[PDB]
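Peer 1: let me see the structure of the following:
(3 chains, ligands or ions: 4)
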Amino acid sequence: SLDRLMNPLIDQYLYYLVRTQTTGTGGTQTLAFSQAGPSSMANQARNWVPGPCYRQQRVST
Amino acid sequence: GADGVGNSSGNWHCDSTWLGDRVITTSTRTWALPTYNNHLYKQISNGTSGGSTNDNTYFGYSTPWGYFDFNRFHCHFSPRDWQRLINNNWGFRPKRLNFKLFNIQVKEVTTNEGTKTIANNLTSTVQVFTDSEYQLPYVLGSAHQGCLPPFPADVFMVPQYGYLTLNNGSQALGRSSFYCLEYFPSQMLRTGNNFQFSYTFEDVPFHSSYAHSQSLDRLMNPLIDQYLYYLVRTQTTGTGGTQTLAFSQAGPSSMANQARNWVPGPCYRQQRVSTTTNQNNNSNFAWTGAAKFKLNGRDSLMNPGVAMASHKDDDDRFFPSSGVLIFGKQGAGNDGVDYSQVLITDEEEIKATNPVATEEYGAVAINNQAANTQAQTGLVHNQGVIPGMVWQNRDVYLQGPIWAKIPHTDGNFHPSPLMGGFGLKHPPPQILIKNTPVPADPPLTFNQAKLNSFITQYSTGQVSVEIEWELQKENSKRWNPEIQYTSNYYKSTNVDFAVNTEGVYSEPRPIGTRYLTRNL
Amino acid sequence: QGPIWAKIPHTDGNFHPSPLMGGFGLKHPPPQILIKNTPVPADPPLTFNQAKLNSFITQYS
Ligand SMILES: Nc1ncnc2c1ncn2[C@H]1C[C@H](O)[C@@H](COP(=O)(O)O)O1
Ligand SMILES: Nc1ncnc2c1ncn2[C@H]1C[C@H](O)[C@@H](COP(=O)(O)O)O1
Ligand SMILES: [Cl-]
Ligand code: NA
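Peer 2: Residues are numbered from 1 along each chain as shown, chains lettered A, B, ... in the order given. Ligands and ions are numbered 1, 2, ... in the order given. Next comes the structure:
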């Protein structure tokens, strides 16, 4: 798949914004960054993105 | 002798040479290869079931092979060299390279009663081969760790090779393909044995090291007035309020009105976030807020997105949540690190031709104006390419990526890696290495089983990558001094891009490529 | 048991550049000869680590 173009074992040398707010009760804004890993595949940066689309109404057999 | 154990099977070349356009980089590092997966190909999948979401599902395999990656600029460039290149050229691109593996040594480690000893197995071998035909899933260009170290002195571990195949949940499909590296003609080595090859970069466009010194909108002479008119008023000024058509020639004062031949580049809206904590809304919108693209029923984050200006002037604190590259400060933690550790890159240089990441592209009319109905307009958050657009590609950094393999697809548009770099159809082939399994003594009576006992060993050696880059000198007639990357004079306790008191080279900030300015 | 030569500092100017400790003042003296034992890593951990190896076999030449 276009999304799954990277090695599972390795972790990207780049970070992404993982949280805007502290976990738990405090609820105070903070900036947390994590290196996209194998487990967090969706987060990690990619060089290519999917093709174009025009919405098509769905219908079931 | 030609190839013997008491003989250097190669030398150390770590030099940079500048002649004319051509700048040649040469690096050598000392690597170590662990045994991977106990000499076993393992099926690896992450399921829908359990804590993990559906968007993080995958199916693939982890191989007993390691791979050599040099796809990061800092590997071939000294910080000082990066400076010379950035500060005096309007562009550059890779032309050819040369790879070498040598002084291979294989060690066998023994442990008895808490006593550990490491000595040499000379008869032992190490397999190497290049995916010169591109038949193996392309790992590189995914920004994966494990590239040669930035500092020459450091000794590094070789990354483990593994790949992904089509999956539904934790299951594979009929289509999904399983590759066996061993089914590849690979060359074997014993110490005093060396491997090496050469590759030449397909022709690719020079990267832009120049930042525009004219906005796309401001492309016209102030003094003169356009011979064309625009609709300036729909209604008479003052009390009367009766519809009329008034036309004016766009002049110097009315710059915004005047017609233009070119329009800004494409944009995908990126949620804005402020470095200052207080300004941001008090919600965890890291994921919910962020723009994303849905493929095959799974939503993946739009990182790092299309190339767009990080911020409009004086909005320096602002950045796209996912729309810029981020580099950790040295020693930074992998998970949930504080803001201070990270180095957030800034792509404001390209603001002149590219849309701001956090703002709309502009506006379009939503309905026909009517005698009764009022005119309306809607914002454009998502804007695709149209005739007349011009734009700048995303920048590369001293510690950025270099190239990426263009997907073998029926079609694509402006295939320049979104993380920055050169898009190649046939990039530098993946180099695969592996320690040949050396079986532990077999049982005396034949067994149909496959041997599961092996001597424990790892290998080490030097590696050499030499790349020839073609420069493109500056031609500017700019009268005033241009901006340039410099190291501040003012004293400090540590030197920039040096080792600290402990022996830990560190890259204090990301270093862009565009300092020199060129006209539009 | 004295010194023999010394490298004349690369400066815009100087006077009678004979090493003050005695000897021959050379602009291009015998080049410094540098030697080093190549690091030989101790067995690496089985699962890839982004860290730089800190364990080496102890040896001298
Ligand atoms: N870095 C990189 N790699 C590969 N292909 C690229 C790159 N940058 C632009 N392109 C595309 C853009 C055009 O489709 C073509 C060159 O045409 P031109 O008229 O020269 O832009 O190649
Ligand atoms: N040992 C040594 N090394 C380098 N330069 C030296 C040395 N002794 C004298 N000099 C200087 C003195 C003069 O400037 C020049 C030779 O000129 P002359 O007229 O022959 O004295 O060299
Ligand atoms: Cl790091
Ligand atoms: Na595994």
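Peer 1: and the residue of chain A that's closest to chain C?
Peer 2: Closest contact between chain A and chain C, by C-beta to the nearest C-beta, is at residue A:9 (6.2 Å). For every residue, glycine as well, the C-beta is placed using N, CA and C.
Peer 1: tell me, how many residues neighbour the closest residue to chain B within chain A?
Peer 2: Going by C-beta to the nearest C-beta, chain B is nearest to residue A:6 of chain A, at 3.4 Å. Close neighbours of residue A:6, defined as other C-beta atoms under 10 Å in any protein chain shown, add up to 28.
Peer 1: which non-adjacent residue is nearest the spatially most central residue of chain A?
Peer 2: Nearest residue to the geometric centre of chain A (C-alpha atoms, centre = their mean): residue A:43, 2.0 Å. Once flanking residues are discounted, residue A:43 sits nearest to residue A:36: 4.4 Å by C-beta to C-beta, 6 or more residues apart in numbering or on different chains.
Peer 1: what's the answer for residue A:30, then?
Peer 2: Counting by C-beta to C-beta, 6+ apart, residue A:30 lies nearest to residue A:22, which is 5.0 Å off, once chain neighbours are set aside.
Peer 1: what about the residue nearest to residue A:43, distance to residue A:44?
Peer 2: Noted for residue A:36: a distance of 3 Å to residue A:44, by C-beta to C-beta, to the nearest Å.
Peer 1: shared neighbours of the two, anything?
Peer 2: Listed as contacting both residue A:36 and residue A:44 by C-beta atoms under 8 Å, 6 or more residues apart in numbering or on different chains are A:12, A:14, A:16, B:303.
Peer 1: before we move on, back to that, is the residue nearest to the centre of chain A in contact with residue A:19, as I believe?
Peer 2: No - using C-beta atoms under 8 Å, residue A:43 makes no contact with residue A:19, being 11.7 Å away.
Peer 1: just list the residues touching the closest residue in space to residue A:40 that isn't next to it in sequence, thanks.
Peer 2: The spatial neighbour of residue A:40 that comes closest, neighbours along the chain excluded (C-beta to C-beta, 6+ apart), is residue B:56 at 6.4 Å. Counting by C-beta under 8 Å, 6+ apart, residue B:56 makes contact with A:39-42, B:46.
Peer 1: re the thing from before, tell me the SS of the residue of chain A closest to chain B?
Peer 2: Under DSSP: H, G, I helix; E, B strand; the rest coil, residue A:6 falls in the coil class.
Peer 1: please apply the same query to residue A:2.
Peer 2: coil.
Peer 1: what does residue A:57 give?
Peer 2: Secondary structure, three-state DSSP: residue A:57 is coil.
Peer 1: cool, and residue A:20?
Peer 2: Classified using three-state DSSP, residue A:20 is strand.
Peer 1: measure the closest residue to ligand 1 within chain A to ligand 3 for me?
Peer 2: Nearest to ligand 1 in chain A, going by C-beta to the nearest ligand atom, is residue A:47, at a distance of 10.9 Å. Between residue A:47 and ligand 3 the computed distance is 21 Å (C-beta to the ion, to the nearest Å).
Peer 1: before we move on, back to that, gap between the residue of chain A closest to chain B and ligand 2?
Peer 2: Counting by C-beta to the nearest ligand atom, to the nearest Å, the gap from residue A:6 to ligand 2 is 63 Å.
Peer 1: please apply the same query to residue A:38.
Peer 2: Distance from residue A:38 to ligand 2, by C-beta to the nearest ligand atom: 65 Å.
Peer 1: that residue: which element?
Peer 2: Under the criterion DSSP states H and E, no helix or strand holds residue A:38.
Peer 1: again with residue A:61
Peer 2: Assigned by DSSP H and E, residue A:61 belongs to neither a helix nor a strand.
Peer 1: on that earlier part again, can you report phi and psi for the residue of chain A closest to ligand 1?
Peer 2: Geometry field for residue A:47 lists phi and psi as phi -90, psi -20, criterion degrees, to the nearest 10.
Peer 1: state the distance from it to ligand 4.
Peer 2: When distance is defined by C-beta to the ion, residue A:47 is 26 Å away from ligand 4.
Peer 1: same thing with residue A:43?
Peer 2: Residue A:43 sits 21 Å away from ligand 4, going by C-beta to the ion.
Peer 1: residue A:8 now?
Peer 2: Computed as C-beta to the ion, the residue A:8 to ligand 4 distance reads 9 Å.
Peer 1: what's the answer for residue A:11, then?
Peer 2: Distance of residue A:11 to ligand 4, given as C-beta to the ion: 14 Å.
Peer 1: kindly provide the distance from that residue to ligand 2.
Peer 2: Taken as C-beta to the nearest ligand atom, the span from residue A:11 to ligand 2 is 59 Å.
Peer 1: again with residue A:4
Peer 2: From residue A:4 to ligand 2 the distance is 70 Å (C-beta to the nearest ligand atom).
Peer 1: just residue A:22 next, same as before
Peer 2: Look at residue A:22 and ligand 2: by C-beta to the nearest ligand atom, they are 70 Å apart.
Peer 1: repeat that for residue A:9.
Peer 2: 62 Å.
Peer 1: residue of chain A nearest ligand 2, please.
Peer 2: Closest point on chain A to ligand 2, by C-beta to the nearest ligand atom, is residue A:13, at 52.7 Å.
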